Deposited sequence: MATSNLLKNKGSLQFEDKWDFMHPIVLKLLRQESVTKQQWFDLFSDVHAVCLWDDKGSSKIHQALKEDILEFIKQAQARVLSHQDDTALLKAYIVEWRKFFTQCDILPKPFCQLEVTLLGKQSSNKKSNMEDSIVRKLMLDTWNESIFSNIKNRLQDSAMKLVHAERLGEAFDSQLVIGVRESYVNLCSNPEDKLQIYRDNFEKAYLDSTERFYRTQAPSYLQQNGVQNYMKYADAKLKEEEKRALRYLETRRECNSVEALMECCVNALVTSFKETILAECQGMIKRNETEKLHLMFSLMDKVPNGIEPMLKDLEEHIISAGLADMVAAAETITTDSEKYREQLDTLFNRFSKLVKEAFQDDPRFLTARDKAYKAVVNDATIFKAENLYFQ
């Protein structure tokens, strides 16, 4: 007695437990593999009957899951109920198709290549996700906005929506299409809208120095948030696109306001502030160039000032001048080391400026009387 009618009543309860994430013994699990194989082998209608009854079991569970989720009128409660269901269901999408491996090999067309897994995700999408996706996305974005303003929440509420967009896409050629066009797009737009409002206001209330600390902190905050909420598994450029958006809203949008303080900072030997400027400005295309120009100009001006003060006594004590210049080079070489970490670009600018100091001092002509 190895026909579908003889075995299904023993198989059905295990399928139910696997869909509901209920306790299954190792005996029940391996016997299900054995029963699928026995029915597909011995019953001429075995493969057909197992596929249809399993399809009915999948469809019935999703109809029950739909009732629980769709019973919540409140968007917040709808999101909470969707995530509770999704977390369990999505996990089971990697489990339920496993005993049905023997069934799949008997079907035409045959984890991502699984007929059963595809059926699970397609039915979930058709009955649950597709009808409420825009509401789930809007609620996810509102939670990220609330988190930015200081309100903590269960991260799974946002993660679950992202996972749904990534996994419930119909395009074979572009599995990340609905994720990019909808979730990633809404995340990037809301991020851009948040900082376009916050950043100029913070800058005006707190000044450039405090703004730099704010931008650096926000960039670190957003990077951590994006690594948690956005798609990272599929090795896509999602976090890099989010960072590009943040760098543009926080640094690039106020690049000239920031750069205008470089000269004053070099003059006052504000190494920690200059180091913060270099870290922020190096994220922007050619953001370092005006800092290099400010450094070069300040070295040359300092050199010129020394020669102007030394020229009158040069024939009697030129050794004092060469010592003052040696002191000048030691002072600026230190600045390049502390503020700019001896970066090859800042070293190039430092050498060019030192060469210019020596050339200008050589050609310098004292005022004739």
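A.B. asks: Which runs of the deposited chain sequence never show up in the coordinates?
C.D. replies: Those parts of the chain that were deposited but carry no coordinates are 1-11, 122-129, 389-391.
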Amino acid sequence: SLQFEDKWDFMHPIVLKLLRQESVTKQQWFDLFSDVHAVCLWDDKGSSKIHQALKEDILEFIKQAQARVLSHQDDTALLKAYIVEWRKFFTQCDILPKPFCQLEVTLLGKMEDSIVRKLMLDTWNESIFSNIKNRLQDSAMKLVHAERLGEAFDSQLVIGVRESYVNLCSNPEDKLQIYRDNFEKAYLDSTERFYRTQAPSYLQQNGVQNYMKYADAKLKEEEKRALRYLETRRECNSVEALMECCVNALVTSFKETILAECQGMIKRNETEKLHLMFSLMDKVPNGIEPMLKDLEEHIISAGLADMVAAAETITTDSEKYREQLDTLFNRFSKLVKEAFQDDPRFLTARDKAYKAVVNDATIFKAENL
From here on, numbers count along this sequence of modelled residues.
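A.B. asks: Return whichever of 114-122 and 169-177 has the greater mean Cα B factor according to the PDB record.
C.D. replies: If you average the C-alpha B-factors of 114-122 and of 169-177, the larger mean comes out for 169-177.
A.B. asks: Out of 276-284 and 83-91, which one has CA B-factors that are higher on average in the deposited record?
C.D. replies: According to the PDB entry, the answer is 276-284.
A.B. asks: Checking the record values for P97, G109, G207, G160, which has the greatest CA B factor?
C.D. replies: If I rank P97, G109, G207, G160 by C-alpha B-factor, first place goes to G109.
A.B. asks: Could you check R322, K334, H37, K49 and tell me which one carries the biggest Cα B-factor in the deposited entry?
C.D. replies: That would be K334, according to the entry.
A.B. asks: Considering every modelled residue of the chain and its Cα B-factor in the PDB entry, is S164 in the lowest, middle or highest third?
C.D. replies: Tercile = lowest for this residue's CA B-factor.
A.B. asks: Please place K55 in the lowest, middle or highest third of its chain according to the CA B-factor in the PDB entry.
C.D. replies: Lowest third - that is where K55 ends up once the chain's C-alpha B-factors are sorted.
A.B. asks: Classify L347 as lowest, middle or highest third according to the C-alpha B-factor given in the PDB entry, relative to its own chain.
C.D. replies: Ranked within chain, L347 CA B lands in the highest tercile.
A.B. asks: Test of reading the entry: by CA B factor among the chain's modelled residues, which third contains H72?
C.D. replies: Ranked within chain, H72 CA B lands in the highest tercile.
A.B. asks: Compare the C-alpha B factor of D43 with those of the other modelled residues in its chain, then answer lowest, middle or highest third.
C.D. replies: Bottom third by C-alpha B-factor.
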